[PDB]
Amino acid sequence: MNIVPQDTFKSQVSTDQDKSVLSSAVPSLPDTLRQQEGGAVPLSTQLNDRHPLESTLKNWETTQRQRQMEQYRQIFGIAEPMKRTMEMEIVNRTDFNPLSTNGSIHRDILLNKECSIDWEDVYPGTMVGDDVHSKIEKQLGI
Amino acid sequence: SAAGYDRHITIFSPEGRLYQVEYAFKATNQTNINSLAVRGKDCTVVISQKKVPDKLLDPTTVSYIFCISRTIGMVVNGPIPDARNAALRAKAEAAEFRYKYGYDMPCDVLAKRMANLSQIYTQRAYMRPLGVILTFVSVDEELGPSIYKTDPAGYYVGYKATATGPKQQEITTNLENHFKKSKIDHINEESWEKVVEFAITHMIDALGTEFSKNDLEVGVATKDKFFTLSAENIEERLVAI
Amino acid sequence: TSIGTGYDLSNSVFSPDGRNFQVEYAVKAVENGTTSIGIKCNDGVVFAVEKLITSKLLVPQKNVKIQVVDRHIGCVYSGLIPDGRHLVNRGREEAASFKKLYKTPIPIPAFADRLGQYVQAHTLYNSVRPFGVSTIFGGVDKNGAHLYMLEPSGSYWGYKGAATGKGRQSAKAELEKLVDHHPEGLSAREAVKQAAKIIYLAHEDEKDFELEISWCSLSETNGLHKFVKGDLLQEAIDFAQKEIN
Amino acid sequence: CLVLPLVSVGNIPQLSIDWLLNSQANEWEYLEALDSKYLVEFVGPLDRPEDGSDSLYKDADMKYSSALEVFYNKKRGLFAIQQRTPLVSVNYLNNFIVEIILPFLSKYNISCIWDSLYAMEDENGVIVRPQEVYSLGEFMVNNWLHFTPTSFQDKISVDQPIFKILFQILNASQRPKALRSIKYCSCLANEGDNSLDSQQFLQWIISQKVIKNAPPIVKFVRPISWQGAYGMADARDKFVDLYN
Amino acid sequence: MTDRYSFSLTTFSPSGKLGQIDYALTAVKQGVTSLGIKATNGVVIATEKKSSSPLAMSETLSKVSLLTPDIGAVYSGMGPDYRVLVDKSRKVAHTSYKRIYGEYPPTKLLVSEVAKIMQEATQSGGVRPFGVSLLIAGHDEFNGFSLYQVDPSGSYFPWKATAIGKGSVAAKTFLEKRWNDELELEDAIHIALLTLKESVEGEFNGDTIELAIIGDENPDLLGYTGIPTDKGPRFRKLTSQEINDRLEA
Amino acid sequence: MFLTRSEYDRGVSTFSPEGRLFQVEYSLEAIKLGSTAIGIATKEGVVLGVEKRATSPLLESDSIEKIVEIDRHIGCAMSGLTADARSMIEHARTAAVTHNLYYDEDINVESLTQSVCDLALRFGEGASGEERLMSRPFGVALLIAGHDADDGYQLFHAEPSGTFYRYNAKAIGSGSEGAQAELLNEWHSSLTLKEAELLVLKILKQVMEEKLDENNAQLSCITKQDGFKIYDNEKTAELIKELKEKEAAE
Amino acid sequence: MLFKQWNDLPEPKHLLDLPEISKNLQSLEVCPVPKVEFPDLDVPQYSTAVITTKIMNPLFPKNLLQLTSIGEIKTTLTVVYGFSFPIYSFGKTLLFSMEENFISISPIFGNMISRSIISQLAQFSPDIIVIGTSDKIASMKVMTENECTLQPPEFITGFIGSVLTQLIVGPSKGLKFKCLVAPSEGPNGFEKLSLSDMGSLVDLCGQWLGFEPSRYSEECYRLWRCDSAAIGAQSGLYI
Amino acid sequence: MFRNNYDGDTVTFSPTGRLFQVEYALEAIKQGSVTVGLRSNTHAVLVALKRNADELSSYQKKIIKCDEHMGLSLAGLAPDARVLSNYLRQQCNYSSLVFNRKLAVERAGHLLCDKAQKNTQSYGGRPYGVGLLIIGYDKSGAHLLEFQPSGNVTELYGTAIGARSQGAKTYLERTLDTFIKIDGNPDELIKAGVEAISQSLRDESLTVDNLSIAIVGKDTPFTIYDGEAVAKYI
């Protein structure tokens, strides 16, 4: 029953915390070239000096969804949140469009956002990566 | 029947049809009961048939009429598990609409929402449609008395009056003849009791052989509340002509 | 036709007649289980189970065939043992959560609806299997005594008397006779005697058997679910043996 | 008339033969064992009707059953073939028609063929009427058979074995003269437990009077082997940790 | 894991054809007839209403939908897919164009967005293609009036006049013999009524056919006065009384 | 009573009617397709020996690596699919180095073998309850030879099923049957290191199609003081010549 | 696992995935049949013949018996297929060992080889013992020409099925035989056995071959556990 | 034949209402060697017969220690035995760490049943194929439990599982009143267990290599005897 998102800070760090981009030469260290972030961005710099509202905005919709699921569990039972989560997971897992980033129509219907617009909708948004094969590897887990 | 696929999932056949949707449609007549919905001047009446062949059953626990919100009632044709699933989802939809937009959910908007969910089920491969037919009745603050029906294919539409069941054709023909005679798309009565009696009379003359107070279920929607009648109320309505 | 070829290899598939054959196969699995009955009296419920005798190595007090979902809710089931255990655990979780949230024992219809929704959700996807159990549960709440039966399809109903398992036909016939012979109602002790009689009569299959009975009545157990002590169980067994021979 | 079932989808023809040989066990007796060079070899016990009637094997010193057997019904004068295993390869199908079936037909001066089709594998569009279930024919793609208007097909694909059987029978340089007509009964079905499907197929074949001498069947009887179709006959009671 | 993917529901047949798209086209061809006629002063879009029973209120369900005040659409095929795609198009008109440029999109760009949405359903692992065909009529400042047809595969083409549905071939021939570069909006409406008269088996009156026009701006439909530069909607749906009056004449 | 087709041997998570997993059996069959590896454990060290199957004479002699060093006190021999053995060897090396990092000691040979077997279990549920990592069982078998202070010199056999055994002598690969029979006949607890080397060479020569020489066979040993070493071609050739002279003496 | 693939519909199981003799499936002619040539040998010199498959090799230890090769049965098919079928002898007993392989070898070769062997052996009526496996039986079976212990729907197929068919309904009816059948699982040429079934096979084979129990059982046990094909993953998978 | 069509996975019922993959998993227990468990009011013991790959190999471990007051013995698959033993160890450790409490044997059985039932109703995995015998001593005394991988747990005074375990079970049934009263004498109970497991031997003799014993009790922490430690009980 949370309104404002809570527990947004990291509690542990490591040099292999990002499994997607790890060096093949030294598997315990991240791959700076394939990160494509400017090459001078250590992970430690991401732990300080953030805008206070950024974490609230990034996790807002997930928090509202979790509160709705908790209310359904309290009032309806386990089956209702189970079914909602199953529907959403099936819809999300069957969609794979490497050339587009827009959400599906059915996802919007399930989220009850058929006729709703937020700034995420208006503003949806290299040398290495950003290709179809990287998305294939990330999606399949290989 | 389906040759290869189309026996499990909802994809097109060579004829351009969705066999799983049609089979879900055929699944709606398993209960072999009928329901009727009519509009009054300021009320909407739904009457459903009760069949309790088993003598060990508790009759008071058998019902296909559900209360969705303060103003909306629903009648389901089909097996009771999918009926209860649909009822719970409709309750959640109405409550969320009220929370999100600041006013009560209208009957037609809820019908459209359920139909959109049904469209999801008809297009996704790993989802099956619910083999039920839903009928929502209310007295909308803008549109007056309202009856809207939704089916497994995702199609929804509003009705002056409607009937659904294995014997829906006879009731539909009788209603059409009556509305031809009266030239009015509703019932000209000032109380919902007269409308209930008229619906009971229509059901009796359409199905035949009549019934007692325990073979019927009646729900009535007014401008303020939707409520289901009890056995004594139905007995009074049967006695009163 | 009982066997639908081409439409019985997946859970969430409609047949051309609008039937779900995996649920019906689960029903057939239920119909082979041990006989269980439930009877609703004027102020409570009685449950009876035809237990099959086993090796002497079993600890006598650690193998009970009637499960207590909560202090006012008791249930029995026929079908697959793991499915029954899973459903009993889910029912206990639901009752505990309801009592924590609303500071009162859960009403029987609310419990029945939650259990039925959980069962029905397992007929929706091809990655799960319908439950192979049918459950007879009941108890007492502020509105009185309630007895329900729940099927693998998620369909549940309230009953005056319910029977499941191999000997379901004879048990149902005896329950119908009992209901007909008592239009006014029934008492808890008469219900226990008749439950013993019905369990004894329904048995028809060289194998010795024992009987378990359970009460939940306002006047007898203060609205709580209890087992049967030696005296009442012995009296009911004597009545049943007189009925048989 | 000789009834030749084919090893097809669901083993429906073979199962139907079982019905025909157990529901009317009085009229049927074991006659002969054919050569099984082109089949997968088979040895097993003697099957008997479930209801307790006498075995179709009247000989007392025979205790084994082979892959390919021929039964005879003198009251109706009908020959039936029961085949336990499929052909070693489709390539030898021709041989099976030429060196086995035709010599038997010539030897006994016999004056139908039972089959099933799977709709998902219809790559030539021979199913023109999916509404109906059965097809009856009498005598790329071929049009040598005359199917009834109520059949689901009007032609046969060249990939089907029935076309090869027809070609071998018609083009045989020394085919028996006593052979007059060919009948072909086929059904559309799906794999699974096809006992009731086979019963309905046999009922349709008998009702249509495809074979004149075939009498109607009222009480259907299974053999005793079908009791082991799901494994041990009393296996469910063994698993006390699962069923209760 | 074997659930991190799902195989494609639309694949190439050996002849080089996508079977699901062809079956969706068949489903479209089994639908009710709809048509569009493009004139010098406007575009007419028309269709035949259908009802499961006479007791249904045909005005509750409308096959003609306003996408923007200057763009409307009609259909042939399956209704729920229509409803889903219309809602999506109405949302996309705002998210992609009006929240960026302050103005509604031209007809062609909205058609392109709808067609992209439809195409993404033919390269998926868990949705079938939309079994529906679209007619979109519109007007914009730098392109004038336009009429487009969108197919289930996501291909769209501009037409001077066209029809889709069960009676599409005969309607196409009748429109071929009755179109010219100097037609007017009223002439187009009359031709559309005549063409629909050849396809409706039952009652051809104002309660069984549905028409809408893209014509001149209607300041009486704005809902407010005071701004001379605010143009009214050009999309207008004809009432049943107007259709009856035109049929009588 | 008809002959149909059974399909219980195609999925790793499907039981046969008698409760068997046939994909594991077929993985063992894949193991038997590889070359032969023999290990003999004595009181003076453990000897490992492999046969190099060179399909073409153009293949580099020092390219087939059937014997690897997991750690200074632990060596391994492999038979089966080399691609899977590569991953298994990488995991074993990582485990040994991590144990040294966190405990400042050598890891027990049995602990390393158990870790490798826990990795091999990954086609199903993991030992600690982890989700499935791969789609099929490995097609390799390992012989792990080591020495530690707790248990002396040990030789373990690790299989794709996730189970390992302790052996006095063990042969895997194509010619494993005759080699294992010879090991059963010719092993005793009082063997020396040189006798073990000669026995390994003799059994390899017996079970090898080609004439045994320094280029199609490889020897290695692990001892407490010198650690794990792989003999060069000159030492193995000298051993082969001594074996030939001993055979020709009779 | 959220779902299972929609397109994983099982193939109908009335078809056995057996090797194809010829690539041309549209042929209208008669496919050629393999020719079998049987060896020089003195059949009367041996009073007993044993017919079985390779999976039963541990039942016949080499050193304990006097197993010596005498010749090879030659089977040739041209459409070109060639095979060799070595024959062994110990004491006065013959041994025909068949190498089944459901991937590489068609059953037609087994049928023809069984026909040739039975035709050659029927001219002298020796003692015939058949040892084989079946996937359709519940427990071990001992059968003769007078009694069949199989209950329906159990049956025997494969090369041993071919041999029994030739001995029962072939052109050489009446030859007495003893058949020992053990339960197994797996495709032909890749079967597996239980340890108890292996022990029962060893005991009954020793009793029928007239050898001392202890030494024969020891040798057979050692051969069974020496990475035999029938004990593939038993030790490592079950504890 | 008809069973062949409906035994693909654990989410399929046959038309007669049978779940064949679970039955096959239950049948997988017979491929393992025999283990016996028994107990009295004071002590609980397990006896196991171990098997080796061949003469040159070691013997398999059949008894695994979970906690100072609880242990188990296996019959069936090796991977599932490893998984379930590790899971029970984790649960005991969690109980001790969070509550300073000894995990009850009944609680462990319930947790095992809950974990086992899941794999028999969802697609993508397989049911477990190992039977377990769990002995322990807690605040309610001595406990013996039999876990069947269908997801079932039974509480008994004595039992046996594995290949040819029927003879040992019959012997335990016949002499229940004798060993049920052996209180304060661990040796007598262990010898009774050895005699019980001797009924299941076929052409085999118990040696110091193939016999493993485990005991737990009021003052006895769970202890495993192997090798010469069992020579006195032969």
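So that the names make sense, note that chain A is the first sequence line, chain B the second, and so on, each numbered from 1.
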Interchain contact, F/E131 with chain H, by part (heavy-atom threshold 4.5 Å): neither
Candidate pair F/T14 and H/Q21, rule side chain to side chain contact (heavy atoms under 4.5 Å, CB included), full reasoning: CA-CA 7 Å; F/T14 297; H/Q21 279 290 311; 3.5 Å; yes
Greatest number of heavy atom pairs closer than 4.5 Å to chain H - which of F/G19, F/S13, F/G11: F/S13
message: If we define contacts as heavy-atom pairs under 4.5 Å, which of H/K30, H/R89, H/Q60 has the most with chain F?
response: H/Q60
task: Using non-hydrogen atoms and a 4.5 Å limit, figure out which bit of F/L3 sits close to chain H: side chain, backbone, both or neither.
output: neither
Test side chain to side chain contact (heavy atoms under 4.5 Å, CB included) applied to H/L56 and F/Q180, step by step: CA-CA 10 Å; H/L56 288 167; F/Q180 190 68 14; 4.1 Å; yes
- request: May I ask you to name which of F/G129, F/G162, F/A169, F/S161 has the most heavy-atom pairs under 4.5 Å with chain H?
  value: F/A169
- prompt: Using non-hydrogen atoms only, which part of F/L184 is less than 4.5 Å away from chain H: side chain, backbone, both, or neither?
  reply: both
- request: Look at atom NZ of H/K115 and say whether more than 12 heavy atoms of other residues, nucleotides or ligands are closer to it than 6.0 Å.
  value: yes
- prompt: Are side-chain heavy atoms of F/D118 and H/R82 found at a separation under 4.5 Å?
  reply: yes
field: CZ/F/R10: more than 12 non-hydrogen atoms of other groups inside 6.0 Å
entry: yes
task: Could you have a look at F/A127, F/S128, F/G126, F/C117 and say which one has the most heavy-atom pairs with chain H under 4.5 angstrom?
output: F/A127
query: Heavy atoms, side chains only, cut-off 4.5 Å: are F/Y167 and H/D54 in contact?
result: yes
task: Can you tell which part of F/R5 gets under 4.5 Å to a heavy atom of chain H, answering side chain, backbone, both or neither?
output: backbone
message: Tell me the closest heavy-atom pair linking H/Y24 and F/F15, and the distance in Å.
response: CD1-O, 3.4 Å
- request: For F/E7 and H/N4, work out which heavy atoms get closest and say how close.
  value: N-OD1, 4.3 Å
query: Within a radius of less than 6.0 Å around CD of H/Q90, do more than 12 heavy atoms belonging to other residues, nucleotides or ligands occur?
result: yes
Stepwise side chain to side chain contact (heavy atoms under 4.5 Å, CB included) test for H/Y128 and F/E125: CA-CA 10 Å; H/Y128 296 105; F/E125 182 178 8; 2.6 Å; yes
message: Test your reading of the model: is there a side-chain donor-acceptor pair from F/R132 to the backbone of H/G124, 3.5 Å cut-off?
response: yes
